[PDB]
Amino acid sequence: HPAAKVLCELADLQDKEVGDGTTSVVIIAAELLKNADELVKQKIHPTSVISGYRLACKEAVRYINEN
Amino acid sequence: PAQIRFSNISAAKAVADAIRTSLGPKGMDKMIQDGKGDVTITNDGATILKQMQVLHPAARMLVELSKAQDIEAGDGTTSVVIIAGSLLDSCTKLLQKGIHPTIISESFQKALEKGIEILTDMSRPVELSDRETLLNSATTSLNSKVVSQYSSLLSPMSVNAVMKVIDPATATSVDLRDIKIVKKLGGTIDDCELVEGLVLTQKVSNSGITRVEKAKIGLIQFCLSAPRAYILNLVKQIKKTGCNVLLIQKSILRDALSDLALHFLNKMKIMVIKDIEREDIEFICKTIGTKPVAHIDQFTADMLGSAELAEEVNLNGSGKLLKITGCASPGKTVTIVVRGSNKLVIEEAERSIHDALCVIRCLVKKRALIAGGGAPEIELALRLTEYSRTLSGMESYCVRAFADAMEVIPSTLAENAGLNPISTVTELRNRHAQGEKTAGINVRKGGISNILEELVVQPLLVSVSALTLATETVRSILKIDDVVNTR
Amino acid sequence: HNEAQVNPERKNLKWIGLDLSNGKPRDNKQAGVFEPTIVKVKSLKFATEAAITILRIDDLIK
Ligand SMILES: Nc1ncnc2c1ncn2[C@@H]1O[C@H](COP(=O)(O)OP(=O)(O)O)[C@@H](O)[C@H]1O
Ligand SMILES: Nc1ncnc2c1ncn2[C@@H]1O[C@H](COP(=O)(O)OP(=O)(O)O)[C@@H](O)[C@H]1O
């Protein structure tokens, strides 16, 4: 599947970047996709979901860097 | 008749809808697996349309709209298609209401002229050259991408190329012919430089001399061929004329310069240049002023070119280029020396440069400007509705339908921003009626407000051309009554 | 980890890992299971990017 192609490509480039984490990144991405699909089923436009995800990641890296 | 008009309307609306959601900076990207294993991944409307299969005539006309809008201004390629689809959907109601298509077409023409004049008279024009506002528009177009950090390296060079030659073409408008472009692989993006005249990027390997101030230039497309009758004559002609730089064209045979011919051409160490793209051949010819003659006999004393300097210097360390200045009529296509080791810093740099040159020429063809973000479309949807109320006759309803169909662009722009489209577009309409012209949407800041915070700004000509072409094509489609096969 | 926020004095209750041996919660900094910060941060970044890219590719009909 082309979506599977993209997901595997991102996993592979992450592996080439740092190594460990391909399975974790794939699992997390799939969970985010499932939850975002459930959200958009409730008449929330995906662009708001994408902006929210970006904000959440930006805040999560900050939280990690302080704890 | 109507049985084929309905088919054309449906086909055109379907092919417009397939790119409906790709409009805007927040445009959603597409993936159509129509082909033989094509991984379609992009959000550009023009490439989706041109890669989409075309079977109905109406789809072909809409793709032609996209291409014409692209060549004319280079922006709003999806905008014209969406507008045409909206117009066709709107006039479907008129057609089923019993209005003959000629009335609809005439009313659309009146709406076009009224919209053009309302859009330009009360717009915000630029009076002085004002390169600052051109730079600002470029930044609004050249930033927020990979080339965002390279805006201060690319836009000022293009602006300098513009100011170097204010070409008096199409009402003293700077056309596509400022100073001929060149590009070479390798180097870095910081290696960009502006040239003056003809520049050669082809590989040259001469161990002798190729640098003479009186650089006579010839074009002998007739090369060596496998049978002495027409082999060594060109060498004698070159020696008599004294040309030092003569590019070689392989339009006759692959063996352009054999070992014996090269050694005979090594006695004066003439410059050897191969693999010239055909589209640039006539540009080079008019740059030098010589004629593209493939006959050695026609080559005479009048065939000698004009040049001042010609050096095979390794520019930027390892970039071998031949700069020529002081020619007859150089300036074929705005120069941007695309140098870069990375692959993206070449293709994206060239695409951004093309967009910048289109928008700069767009603003110099006509010096008026409007604020984007759906402001012109709501302005049209209001003023044309007012006109149709003032306009008499039965074409008034057609004009009103035209104005109403012009509301799709702000609606889809806001929908791609996640806002409730209906509520925000009608709020924008109210704010525009009771307020000012510049009211638009703030797509990437989460809200709706004036343009002064936003200042997206676009030239008037993109919207003008998109509107005009969309109206002309909907006119043509409506006047269609039948299509016949079996020529 | 709820008490790591509501309670301002239980600050040093944040690295309660998963003890896979006995299957019970366990202080993990003391235990010694460790992960480079760059790995977690960049994996989160790539998970978000992949989710965003797949979620953008939606407006199709087939
Ligand atoms: N001793 C341990 N106790 C609990 N979890 C562990 C331990 N060692 C490793 N892990 C888990 O392994 C995961 C990372 O491994 P993994 O991503 O599967 O490797 P790879 O990316 O090579 O497949 C982390 O989420 C971490 O929680
Ligand atoms: N940052 C922005 N804020 C508000 N509106 C924008 C912004 N960028 C672009 N727009 C609007 O969205 C439209 C996008 O044009 P579009 O048809 O996508 O061009 P292309 O087809 O070349 O991508 C423009 O008409 C412009 O008015």
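Under the annotation held in the PDB entry, chain C carries the name T-complex protein 1 subunit alpha and is attributed to Homo sapiens. The title given to this PDB entry is "Open state CCT-G beta 5 complex".

The name given to chain B in the PDB entry is T-complex protein 1 subunit delta, with the source organism recorded as Homo sapiens. Per UniProt, chain B carries the Sequence similarities text "Belongs to the TCP-1 chaperonin family."

Caption draft 1: Geometry of the interface of chain A and chain C. Taken residue by residue, the interface counts 24 residues in chain A and 19 residues in chain C. Across the interface of chain A and chain C, roughly 2,100 Å² is buried in total on both sides, 86% from carbon and sulfur atoms. Taken as a group, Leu33, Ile50 and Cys57 of chain A account for 21% of the area that chain A buries against chain C, more than any other trio of residues on that side. Viewed at the interface, chain C and chain A are joined by one salt bridge. Where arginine 54 of chain A meets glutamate 49 of chain C, a salt bridge forms, and the shortest distance between an N and an O atom there is 3.4 Å. If you look at where chain A meets chain C, you find one residue pair in polar contact. Broken down by secondary-structure element, the contributors of at least two residues to the side of chain A that touches chain C are α1 (2-17), α2 (22-40) and α3 (46-66) of chain A.

Caption draft 2: Region of the structure containing the site of ligand 1. Near ligand 1, the surroundings consist of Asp20, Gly21, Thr22 and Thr23 of chain A together with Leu18, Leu20, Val33 and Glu35 of chain C. Nearby residues place ligand 1 at the junction of chains A and C. Contact between ligand 1 and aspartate 20 of chain A: an oxygen atom at 2.8 Å from a side-chain N or O atom of the residue. Separating an oxygen atom of ligand 1 from a backbone N or O atom of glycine 21 of chain A is a distance of 2.6 Å. Starting from 570 Å² of accessible surface for ligand 1 in isolation, the protein chains cover 45%.

Caption draft 3: Up close: the sheet that holds strand β6 (residues 319-324) of chain B. Residues and elements named next belong to chain B. Across the sheet, three strands lie side by side as β2-β6-β5; this open sheet has antiparallel pairing. In the strand order of this sheet, the two ends are held by β2 (199-200) and β5 (310-315), each with one partner. Of the pairings in the sheet, the one linking β2 to β6 comprises two bridges and is antiparallel in character. Along β6, the bridge assignment pairs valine 199 with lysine 323.

Caption draft 4: Molecular detail of the packing of aromatic side chains. Taken as a whole, this structure holds two aromatic pairs over all chains when the rule is applied. With a centroid separation of 5.3 Å and an interplanar angle of 50°, the aromatic rings of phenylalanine 108 of chain B and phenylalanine 402 of chain B are classed as tilted. According to the relative accessible area criterion, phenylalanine 108 of chain B is buried, its value standing at 1%. A ring pair is formed by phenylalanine 222 of chain B and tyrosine 230 of chain B, whose centres lie 5.8 Å apart and whose planes are at 70°; its orientation type is edge-to-face. The class for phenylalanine 222 of chain B is buried, based on a relative accessible area of 16%. Note on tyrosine 230 of chain B: relative accessible area 46%, which makes it partly exposed. Between the NZ or CZ atom of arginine 62 of chain A and the centre of the ring of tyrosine 63 of chain A, over which it lies, the distance is 5.0 Å. Between the NZ or CZ atom of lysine 114 of chain B and the centre of the ring of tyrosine 387 of chain B, over which it lies, the distance is 4.8 Å.

Caption draft 5: Examining the site of ligand 2 more closely. All names here are of chain B. In the vicinity of ligand 2 there are 16 residues, among which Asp75, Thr78, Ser79, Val443 and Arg444 approach most closely. The separation between an oxygen atom of ligand 2 and a polar main-chain atom of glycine 373 is 3.3 Å. Relative to its unbound accessible surface of 580 Å², ligand 2 loses 80% to contact with the protein. Taken together, the residues that form the shell around ligand 2 break down as six nonpolar, eight polar and two charged.

Caption draft 6: Looking closely at the pattern of salt bridges. All names here are of chain B. Taken as a whole, this structure holds 22 salt bridges over all chains when the rule is applied. Between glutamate 312 and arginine 211 there is a salt bridge whose closest N-O contact spans 3.3 Å. Of the charged contacts in the structure, one is a salt bridge between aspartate 355 and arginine 351, with a shortest N-O distance of 3.1 Å. Of the two residues, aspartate 355 and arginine 351 are both situated in helix α11 (residues 344-365); the distance of four residues between them amounts to about one turn of the helix.

Caption draft 7: Summary view of the interface of chain A and chain B. Opposite the five residues of chain A that make contact, chain B presents seven residues. Carbon and sulfur atoms make up 66% of the area that chain A and chain B hide from each other, which totals about 450 Å². Considering only the surface of chain A that becomes buried against chain B, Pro2, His45 and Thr47 of chain A emerge as the three largest contributors, covering 81% of it. Across the chain A-chain B interface, the total number found is zero salt bridges. Inspection of the region where chain A meets chain B yields one residue pair in polar contact. Broken down by element, the residue count for the side of chain A that touches chain B peaks at three residues, all from α3 of chain A.

Caption draft 8: The UniProt feature "binding site: Mg(2+)" in chain B, seen in detail. Residue and element names in this part refer to chain B. In this structure's numbering, the residues bearing the UniProt feature "binding site: Mg(2+)" are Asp75. Relative to the assigned elements, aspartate 75 resides in the loop between α3 (57-72) and α4 (77-96). What makes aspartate 75 partly exposed here is its relative accessible area of 37%. Other than its neighbours up to four places away in sequence, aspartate 75 contacts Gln69 and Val462.

Cut-off values and rules
- Residues numbered from 1 in each chain as written, not as in the entry; some residues may be left out.
- Chains lettered and ligands numbered in written order.
- Part of a larger assembly, values for the part shown.
- Heavy atoms only, no water.
- UniProt positions renumbered as here; feature names shortened; annotations may be inferred.
- Contact = heavy atoms within 4.5 Å.
- Buried area = accessible area lost by both parts, 1.4 Å probe.
- Salt bridge = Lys/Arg side-chain N within 4 Å of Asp/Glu carboxyl O.
- Polar contact = N/O pair within 3.5 Å; in protein donor to acceptor, adjacent residues only side chain to side chain.
- Helix = DSSP H or I, 4+ residues; strand = E, 2+ residues; numbered from the N terminus.
- Near = heavy atom within 4 Å.
- Areas by Shrake-Rupley, 256 points an atom, 1.4 Å probe, with all protein chains shown as cover.
- Pairing = 2+ DSSP bridges.
- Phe/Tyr/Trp six-rings, centres within 6.5 Å; stacked < 30°, edge-to-face > 60°.
- Buried < 20%, exposed > 50% of the residue type's maximum accessible area, 1.4 Å probe, protein only.
- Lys NZ or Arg CZ within 6 Å of the ring centre and 35° of its normal.
- Nonpolar A, V, L, I, M, F, W, Y, C, P; charged D, E, K, R; others polar.

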